[PDB]
Amino acid sequence: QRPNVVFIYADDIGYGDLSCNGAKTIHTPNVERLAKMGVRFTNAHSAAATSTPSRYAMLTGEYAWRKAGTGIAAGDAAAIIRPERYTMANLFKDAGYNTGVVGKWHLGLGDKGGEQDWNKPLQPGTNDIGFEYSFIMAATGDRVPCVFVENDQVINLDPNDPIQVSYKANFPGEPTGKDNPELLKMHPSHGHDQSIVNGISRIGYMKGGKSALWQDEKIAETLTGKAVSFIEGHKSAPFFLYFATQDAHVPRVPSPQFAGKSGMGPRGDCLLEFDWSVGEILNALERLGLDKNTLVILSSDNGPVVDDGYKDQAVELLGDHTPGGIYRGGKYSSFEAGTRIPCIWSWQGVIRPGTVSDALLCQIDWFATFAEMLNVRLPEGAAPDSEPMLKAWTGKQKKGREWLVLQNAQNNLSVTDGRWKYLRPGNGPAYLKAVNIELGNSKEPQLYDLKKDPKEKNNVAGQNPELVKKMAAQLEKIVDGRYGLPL
Ligand SMILES: O=S(=O)(O)OC[C@H]1O[C@@H](O)[C@H](O)[C@@H](O)[C@H]1O
Ligand SMILES: [Ca+2]
């Protein structure tokens, strides 16, 4: 098997945010098309409940929590994945695929954080760790620098107006969302009150690069355009395309063709904008007859958040829409909604269409699963936590992983066998008011029967001492002593 592999990888899109998992409160027709065209997963997880660790886990096949510095990265964060590492991109390139990444990166660029010259080539970047083509946002939509990077170079730079970036202090004379809120077309709810770009304040300060600044209205359009351009450009030979959307992540600034259309304000409108992007990819493959020999994978980097730092009506217009489906918590949390994400695999003539799998799966296993598919032996040390299971990911086998370690925003761990879930005691608040999410951090051990109690309402650690011991021990077995070590 040497098929094309296309990831459509969403940001902050929860189990109940797409209509494929049963929601009647939003209509995502293209995502339903994909589901009825392949296999839909009800128990597939991101490695982490935040972006940078989930993305690190996926491309490296290593649990993010094994390394300090794999947490939510700043725009000016240095390359977390160094060229010495064997990457999923490397696997494909070495197997003779063309490789491209389009959209959100959020794994750092350049050598030393806060010291990059954004007017010069970023070294090292995406093109040093197995990607032949890159068209990326440095970090998230709400983080400076708000420019696009093509093959590790910022595009549309006027050298008479060079970019500067600091997360330490403002450049004197540059206004902020905090001090100059009259310059804003969208107001912050918490943080997001530093440098201004197209009337929206961000996290971090910048100056110059006016010509290189993106427009948030046209991000979905620009990224999806480059994604389709890349599929059209490589229609003759095997390619791996990692298409990672801005969509559902703040600031939520959908194309005018989507403003108002969901009734749930910008947040809902950006789910429809995501569904549009999915449409563009599926149609490009169908136009070119690429649906004969293409594996399409749709998923999210982590669970959902309603208010994630802007006054964008997300709370007021949610109605009875449940982003996390029936599952407790959301983004940042130890609870299921933090990591249990929409996941579809579609592969014509391999995967039975309209199929469902309750297998315990994780995005960390794709690396090893693609080695199994390509029938190639992984180098010593590569994808160390990645468990191969092509049979499970193609819906031909009920049984997924036997054990899975999940991580939250405070880097506390949980372990599950698909049925029981043990949350290891750790530091951190029980609740974040700003984001209105239960984080699941506790000094007390927690045990939940996800089959009898999927809402994780009823902690039964006390009533199952022998089971708590078995699963505490199993967690540490998988941790080794390799937790929070240096990059
Ligand atoms: O998905 S993530 O990229 O990990 O999100 C990172 C988050 O950091 C937090 O400081 C903000 O409240 C969020 O708005 C978002 O920027
Ligand atoms: Ca995210």
# chains A, B, ... in the order shown; residues from 1 in each chain; ligands from 1
>>> closest_atom_pairs(of="chain A", to="ligand 2", cutoff="10 Å", atoms="only C-alpha atoms and all ligand atoms", output="JSON lines")
{"residue": "A:10", "atom": "CA", "partner": "ligand 2", "partner_atom_place_in_ligand_line": "1 (Ca)", "distance": 7.8}
{"residue": "A:11", "atom": "CA", "partner": "ligand 2", "partner_atom_place_in_ligand_line": "1 (Ca)", "distance": 4.4}
{"residue": "A:12", "atom": "CA", "partner": "ligand 2", "partner_atom_place_in_ligand_line": "1 (Ca)", "distance": 4.4}
{"residue": "A:13", "atom": "CA", "partner": "ligand 2", "partner_atom_place_in_ligand_line": "1 (Ca)", "distance": 7.9}
{"residue": "A:48", "atom": "CA", "partner": "ligand 2", "partner_atom_place_in_ligand_line": "1 (Ca)", "distance": 9.7}
{"residue": "A:49", "atom": "CA", "partner": "ligand 2", "partner_atom_place_in_ligand_line": "1 (Ca)", "distance": 7.8}
{"residue": "A:50", "atom": "CA", "partner": "ligand 2", "partner_atom_place_in_ligand_line": "1 (Ca)", "distance": 5.4}
{"residue": "A:51", "atom": "CA", "partner": "ligand 2", "partner_atom_place_in_ligand_line": "1 (Ca)", "distance": 4.2}
{"residue": "A:52", "atom": "CA", "partner": "ligand 2", "partner_atom_place_in_ligand_line": "1 (Ca)", "distance": 7.9}
{"residue": "A:53", "atom": "CA", "partner": "ligand 2", "partner_atom_place_in_ligand_line": "1 (Ca)", "distance": 9.8}
{"residue": "A:54", "atom": "CA", "partner": "ligand 2", "partner_atom_place_in_ligand_line": "1 (Ca)", "distance": 8.6}
{"residue": "A:55", "atom": "CA", "partner": "ligand 2", "partner_atom_place_in_ligand_line": "1 (Ca)", "distance": 9.3}
{"residue": "A:72", "atom": "CA", "partner": "ligand 2", "partner_atom_place_in_ligand_line": "1 (Ca)", "distance": 9.1}
{"residue": "A:104", "atom": "CA", "partner": "ligand 2", "partner_atom_place_in_ligand_line": "1 (Ca)", "distance": 9.6}
{"residue": "A:106", "atom": "CA", "partner": "ligand 2", "partner_atom_place_in_ligand_line": "1 (Ca)", "distance": 9.6}
{"residue": "A:140", "atom": "CA", "partner": "ligand 2", "partner_atom_place_in_ligand_line": "1 (Ca)", "distance": 8.3}
{"residue": "A:246", "atom": "CA", "partner": "ligand 2", "partner_atom_place_in_ligand_line": "1 (Ca)", "distance": 8.9}
{"residue": "A:247", "atom": "CA", "partner": "ligand 2", "partner_atom_place_in_ligand_line": "1 (Ca)", "distance": 9.6}
{"residue": "A:248", "atom": "CA", "partner": "ligand 2", "partner_atom_place_in_ligand_line": "1 (Ca)", "distance": 8.5}
{"residue": "A:249", "atom": "CA", "partner": "ligand 2", "partner_atom_place_in_ligand_line": "1 (Ca)", "distance": 6.5}
{"residue": "A:250", "atom": "CA", "partner": "ligand 2", "partner_atom_place_in_ligand_line": "1 (Ca)", "distance": 9.5}
{"residue": "A:300", "atom": "CA", "partner": "ligand 2", "partner_atom_place_in_ligand_line": "1 (Ca)", "distance": 7.6}
{"residue": "A:301", "atom": "CA", "partner": "ligand 2", "partner_atom_place_in_ligand_line": "1 (Ca)", "distance": 5.3}
{"residue": "A:302", "atom": "CA", "partner": "ligand 2", "partner_atom_place_in_ligand_line": "1 (Ca)", "distance": 5.3}
{"residue": "A:303", "atom": "CA", "partner": "ligand 2", "partner_atom_place_in_ligand_line": "1 (Ca)", "distance": 7.4}
{"residue": "A:304", "atom": "CA", "partner": "ligand 2", "partner_atom_place_in_ligand_line": "1 (Ca)", "distance": 8.2}
{"residue": "A:305", "atom": "CA", "partner": "ligand 2", "partner_atom_place_in_ligand_line": "1 (Ca)", "distance": 9.1}
{"residue": "A:331", "atom": "CA", "partner": "ligand 2", "partner_atom_place_in_ligand_line": "1 (Ca)", "distance": 7.6}
{"residue": "A:332", "atom": "CA", "partner": "ligand 2", "partner_atom_place_in_ligand_line": "1 (Ca)", "distance": 9.3}
>>> select_by_dssp(residues="range 311-481 of chain A", states="strand (DSSP E or B)", output="PyMOL selection string")
chain A and resi 311+340+343-347+355-357+361-362+404-407+413-416+420-423+431-432+437-438+446-449
>>> write_last_selection(atoms="N, CA and C atoms", output="short mmCIF file (atom, residue, chain, number, x, y, z; two decimals), in the first residue's frame")
data_model
loop_
_atom_site.label_atom_id
_atom_site.label_comp_id
_atom_site.auth_asym_id
_atom_site.auth_seq_id
_atom_site.Cartn_x
_atom_site.Cartn_y
_atom_site.Cartn_z
N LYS A 311 -14.60 38.51 23.47
CA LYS A 311 -16.06 38.77 23.54
C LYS A 311 -16.64 38.58 22.13
N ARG A 340 -11.08 13.45 23.75
CA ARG A 340 -11.97 12.61 22.90
C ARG A 340 -12.52 13.50 21.78
N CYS A 343 -13.03 11.92 14.84
CA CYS A 343 -12.00 11.24 14.02
C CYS A 343 -12.65 10.37 12.96
N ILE A 344 -12.25 10.57 11.70
CA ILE A 344 -12.71 9.76 10.54
C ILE A 344 -11.48 9.36 9.73
N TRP A 345 -11.42 8.09 9.32
CA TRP A 345 -10.50 7.55 8.28
C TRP A 345 -11.35 7.11 7.09
N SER A 346 -11.02 7.59 5.89
CA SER A 346 -11.68 7.24 4.61
C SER A 346 -10.62 6.80 3.60
N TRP A 347 -10.79 5.59 3.07
CA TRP A 347 -9.82 4.97 2.13
C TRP A 347 -10.57 3.99 1.22
N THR A 355 -19.05 2.99 8.42
CA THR A 355 -18.62 2.09 9.53
C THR A 355 -18.39 2.93 10.79
N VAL A 356 -18.48 2.30 11.96
CA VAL A 356 -18.23 2.93 13.29
C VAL A 356 -17.33 1.99 14.10
N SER A 357 -16.35 2.52 14.83
CA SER A 357 -15.44 1.75 15.71
C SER A 357 -15.38 2.38 17.11
N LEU A 361 -8.35 4.38 20.62
CA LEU A 361 -7.31 4.81 19.66
C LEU A 361 -6.76 6.18 20.09
N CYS A 362 -5.58 6.53 19.58
CA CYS A 362 -4.87 7.80 19.86
C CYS A 362 -4.06 8.23 18.63
N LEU A 404 -3.70 3.55 27.49
CA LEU A 404 -3.49 4.90 26.88
C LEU A 404 -3.26 5.91 28.00
N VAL A 405 -2.15 6.65 27.94
CA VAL A 405 -1.86 7.77 28.87
C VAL A 405 -2.23 9.08 28.17
N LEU A 406 -3.15 9.83 28.78
CA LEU A 406 -3.59 11.17 28.34
C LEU A 406 -3.05 12.22 29.30
N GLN A 407 -2.91 13.45 28.80
CA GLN A 407 -2.26 14.59 29.50
C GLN A 407 -3.22 15.78 29.44
N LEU A 413 -1.46 13.38 34.42
CA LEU A 413 -1.71 12.23 33.53
C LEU A 413 -2.95 11.48 34.00
N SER A 414 -3.62 10.80 33.06
CA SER A 414 -4.65 9.76 33.31
C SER A 414 -4.28 8.52 32.49
N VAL A 415 -4.73 7.34 32.92
CA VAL A 415 -4.53 6.07 32.16
C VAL A 415 -5.89 5.38 32.02
N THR A 416 -6.16 4.80 30.86
CA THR A 416 -7.44 4.11 30.55
C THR A 416 -7.15 2.85 29.73
N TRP A 420 -12.10 1.62 32.22
CA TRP A 420 -11.70 2.36 33.45
C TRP A 420 -10.76 3.50 33.07
N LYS A 421 -10.85 4.61 33.81
CA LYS A 421 -9.94 5.78 33.69
C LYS A 421 -9.52 6.21 35.09
N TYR A 422 -8.21 6.21 35.37
CA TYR A 422 -7.58 6.66 36.63
C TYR A 422 -6.87 7.99 36.36
N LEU A 423 -7.24 9.05 37.08
CA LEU A 423 -6.54 10.36 37.05
C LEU A 423 -5.56 10.40 38.22
N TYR A 431 -11.01 24.15 38.58
CA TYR A 431 -11.89 24.93 37.67
C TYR A 431 -11.15 26.18 37.20
N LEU A 432 -11.35 26.56 35.93
CA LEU A 432 -10.93 27.87 35.36
C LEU A 432 -12.20 28.67 35.06
N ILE A 437 -14.25 25.86 32.38
CA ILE A 437 -13.95 24.42 32.15
C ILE A 437 -13.49 23.78 33.47
N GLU A 438 -14.06 22.63 33.81
CA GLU A 438 -13.57 21.73 34.89
C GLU A 438 -12.32 21.02 34.38
N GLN A 446 -8.58 9.64 41.49
CA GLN A 446 -9.89 9.58 40.79
C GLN A 446 -9.94 8.31 39.93
N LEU A 447 -11.04 7.56 40.01
CA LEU A 447 -11.33 6.38 39.14
C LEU A 447 -12.77 6.48 38.63
N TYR A 448 -12.96 6.32 37.31
CA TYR A 448 -14.27 6.45 36.63
C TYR A 448 -14.47 5.23 35.73
N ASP A 449 -15.64 4.58 35.82
CA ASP A 449 -16.11 3.54 34.87
C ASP A 449 -16.79 4.26 33.70
#
>>> closest_residue(among="A:350, A:81, A:472, A:317", to="residue 293 in chain A", atoms="only C-alpha atoms")
A:350
>>> closest_residue(among="A:390, A:306, A:23, A:91", to="ligand 1", atoms="only C-alpha atoms and all ligand atoms")
A:306
>>> residues_around(residues="range 161-173 of chain A", least_positions_apart="3", cutoff="8 Å", atoms="only C-alpha atoms", output="number ranges by chain")
A: 74, 76, 114, 117-119, 144-145, 157-158, 194-195, 203-210
>>> write_last_selection(atoms="N, CA and C atoms", output="compact mmCIF listing (two decimals), in the first residue's frame")
# COMPACT_ATOMS: atom_id res chain seq x y z
N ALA A 74 4.65 29.82 22.43
CA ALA A 74 4.51 31.21 21.96
C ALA A 74 4.83 31.24 20.46
N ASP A 76 7.06 33.10 19.16
CA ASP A 76 8.53 33.30 19.09
C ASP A 76 9.24 32.09 19.70
N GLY A 114 12.70 33.97 21.14
CA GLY A 114 12.72 35.42 21.41
C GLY A 114 13.87 36.14 20.73
N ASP A 117 15.29 36.43 13.82
CA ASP A 117 15.13 37.54 12.85
C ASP A 117 14.07 37.10 11.84
N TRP A 118 12.85 37.61 11.99
CA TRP A 118 11.65 37.19 11.21
C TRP A 118 11.71 37.75 9.78
N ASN A 119 12.70 38.59 9.48
CA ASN A 119 12.98 39.15 8.13
C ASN A 119 13.92 38.21 7.36
N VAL A 144 1.12 36.56 17.87
CA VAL A 144 2.11 37.21 16.96
C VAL A 144 3.29 36.25 16.76
N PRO A 145 4.00 36.27 15.61
CA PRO A 145 3.73 37.19 14.51
C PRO A 145 2.57 36.69 13.63
N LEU A 157 7.06 40.57 2.73
CA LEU A 157 7.81 41.50 3.61
C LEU A 157 8.26 42.71 2.78
N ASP A 158 7.98 43.92 3.25
CA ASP A 158 8.57 45.17 2.72
C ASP A 158 9.78 45.48 3.60
N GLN A 194 -2.61 42.69 23.91
CA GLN A 194 -1.25 43.19 23.55
C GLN A 194 -1.34 43.79 22.14
N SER A 195 -0.44 43.46 21.22
CA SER A 195 -0.34 44.12 19.89
C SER A 195 -1.62 43.90 19.08
N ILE A 203 -1.95 37.91 21.69
CA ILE A 203 -0.93 37.57 22.72
C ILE A 203 0.44 37.84 22.10
N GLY A 204 1.27 38.64 22.79
CA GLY A 204 2.62 39.03 22.33
C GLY A 204 2.60 40.36 21.61
N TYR A 205 3.74 41.04 21.59
CA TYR A 205 3.91 42.36 20.94
C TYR A 205 4.68 42.17 19.63
N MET A 206 4.34 42.97 18.62
CA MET A 206 5.10 43.06 17.34
C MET A 206 5.04 44.49 16.79
N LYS A 207 5.91 44.77 15.82
CA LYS A 207 6.01 46.08 15.13
C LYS A 207 6.48 45.84 13.69
N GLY A 208 5.95 46.62 12.75
CA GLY A 208 6.28 46.51 11.32
C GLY A 208 5.59 45.32 10.68
N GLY A 209 6.06 44.95 9.48
CA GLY A 209 5.54 43.82 8.69
C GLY A 209 4.15 44.08 8.15
N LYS A 210 3.72 45.35 8.04
CA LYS A 210 2.32 45.72 7.69
C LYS A 210 1.89 44.92 6.46
>>> atom_distance(atom1="CA of residue 220 in chain A", atom2="CA of residue 253 in chain A")
9.3 Å
>>> atom_distance(atom1="CA of residue 396 in chain A", atom2="CA of residue 324 in chain A")
26.9 Å
>>> select_by_dssp(residues="range 286-363 of chain A", states="helix (DSSP H, G or I)", output="VMD selection string")
chain A and resid 286 to 287 290 to 292 336 to 338 363
>>> atom_distance(atom1="CA of residue 436 in chain A", atom2="CA of residue 41 in chain A")
27.0 Å
>>> closest_residue(among="A:196, A:409, A:59, A:79", to="ligand 1", atoms="only C-alpha atoms and all ligand atoms")
A:409
>>> closest_residue(among="A:275, A:142, A:286, A:385", to="residue 309 in chain A", atoms="only C-alpha atoms")
A:142
>>> closest_residue(among="A:308, A:17, A:221, A:444", to="ligand 1", atoms="only C-alpha atoms and all ligand atoms")
A:308
>>> decode(residues="range 146-172 of chain A", atoms="N, CA, C and O atoms", output="compact mmCIF listing (two decimals), in the first residue's frame")
# COMPACT_ATOMS: atom_id res chain seq x y z
N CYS A 146 1.69 37.61 13.22
CA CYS A 146 0.46 37.32 12.43
C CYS A 146 0.80 37.37 10.95
O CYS A 146 0.15 38.12 10.23
N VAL A 147 1.79 36.58 10.53
CA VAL A 147 2.29 36.50 9.13
C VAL A 147 2.29 35.03 8.71
O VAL A 147 2.20 34.16 9.62
N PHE A 148 2.35 34.77 7.41
CA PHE A 148 2.49 33.41 6.84
C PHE A 148 3.98 33.13 6.57
O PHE A 148 4.74 34.09 6.26
N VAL A 149 4.39 31.87 6.72
CA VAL A 149 5.79 31.42 6.48
C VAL A 149 5.76 30.35 5.39
O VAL A 149 5.06 29.33 5.56
N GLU A 150 6.45 30.61 4.27
CA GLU A 150 6.55 29.68 3.12
C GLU A 150 7.98 29.15 3.07
O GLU A 150 8.91 29.97 2.97
N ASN A 151 8.13 27.83 3.15
CA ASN A 151 9.45 27.13 3.20
C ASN A 151 10.39 27.91 4.13
O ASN A 151 11.49 28.28 3.69
N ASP A 152 9.93 28.15 5.36
CA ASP A 152 10.71 28.70 6.50
C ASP A 152 11.17 30.14 6.19
O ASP A 152 12.25 30.55 6.69
N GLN A 153 10.36 30.89 5.43
CA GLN A 153 10.58 32.33 5.13
C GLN A 153 9.24 33.07 5.21
O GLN A 153 8.29 32.60 4.56
N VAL A 154 9.19 34.18 5.93
CA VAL A 154 7.99 35.07 6.01
C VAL A 154 7.78 35.70 4.63
O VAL A 154 8.77 36.26 4.10
N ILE A 155 6.56 35.62 4.08
CA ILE A 155 6.18 36.14 2.73
C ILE A 155 5.70 37.59 2.83
O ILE A 155 5.22 37.98 3.90
N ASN A 156 5.78 38.32 1.71
CA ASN A 156 5.18 39.67 1.49
C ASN A 156 5.76 40.69 2.47
O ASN A 156 5.04 41.58 2.93
N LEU A 157 7.06 40.57 2.73
CA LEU A 157 7.81 41.50 3.61
C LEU A 157 8.26 42.71 2.78
O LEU A 157 8.80 42.50 1.68
N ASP A 158 7.98 43.92 3.25
CA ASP A 158 8.57 45.17 2.72
C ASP A 158 9.78 45.48 3.60
O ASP A 158 9.61 45.79 4.77
N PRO A 159 11.02 45.41 3.07
CA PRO A 159 12.23 45.57 3.88
C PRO A 159 12.42 46.98 4.47
O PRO A 159 13.23 47.11 5.36
N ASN A 160 11.68 47.97 3.98
CA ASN A 160 11.63 49.34 4.57
C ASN A 160 10.76 49.36 5.82
O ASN A 160 10.74 50.40 6.51
N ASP A 161 10.05 48.26 6.11
CA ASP A 161 9.15 48.10 7.28
C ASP A 161 9.34 46.71 7.87
O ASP A 161 8.45 45.87 7.76
N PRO A 162 10.50 46.42 8.51
CA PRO A 162 10.81 45.06 8.97
C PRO A 162 10.02 44.65 10.22
O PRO A 162 9.67 45.51 11.03
N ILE A 163 9.78 43.34 10.36
CA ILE A 163 9.08 42.71 11.52
C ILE A 163 10.02 42.72 12.72
O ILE A 163 11.21 42.37 12.55
N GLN A 164 9.47 43.03 13.89
CA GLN A 164 10.07 42.72 15.21
C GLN A 164 9.02 41.99 16.05
O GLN A 164 7.82 42.22 15.83
N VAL A 165 9.47 41.13 16.97
CA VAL A 165 8.57 40.34 17.85
C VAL A 165 9.19 40.26 19.24
O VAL A 165 10.36 39.92 19.35
N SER A 166 8.41 40.59 20.27
CA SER A 166 8.75 40.41 21.70
C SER A 166 7.51 39.91 22.44
O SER A 166 6.42 40.43 22.15
N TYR A 167 7.68 38.93 23.32
CA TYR A 167 6.67 38.47 24.30
C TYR A 167 7.03 39.03 25.68
O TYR A 167 6.36 38.67 26.66
N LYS A 168 8.06 39.89 25.75
CA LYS A 168 8.62 40.44 27.01
C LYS A 168 8.05 41.84 27.27
O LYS A 168 7.58 42.08 28.40
N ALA A 169 8.08 42.73 26.27
CA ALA A 169 7.62 44.13 26.40
C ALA A 169 7.11 44.67 25.05
O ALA A 169 7.55 44.17 23.99
N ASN A 170 6.22 45.66 25.10
CA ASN A 170 5.69 46.38 23.92
C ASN A 170 6.81 47.23 23.32
O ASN A 170 7.68 47.68 24.07
N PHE A 171 6.78 47.43 22.00
CA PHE A 171 7.66 48.39 21.28
C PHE A 171 7.07 49.78 21.50
O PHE A 171 5.90 49.99 21.21
N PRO A 172 7.83 50.76 22.05
CA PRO A 172 7.27 52.06 22.38
C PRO A 172 6.58 52.69 21.16
O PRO A 172 7.15 52.66 20.10
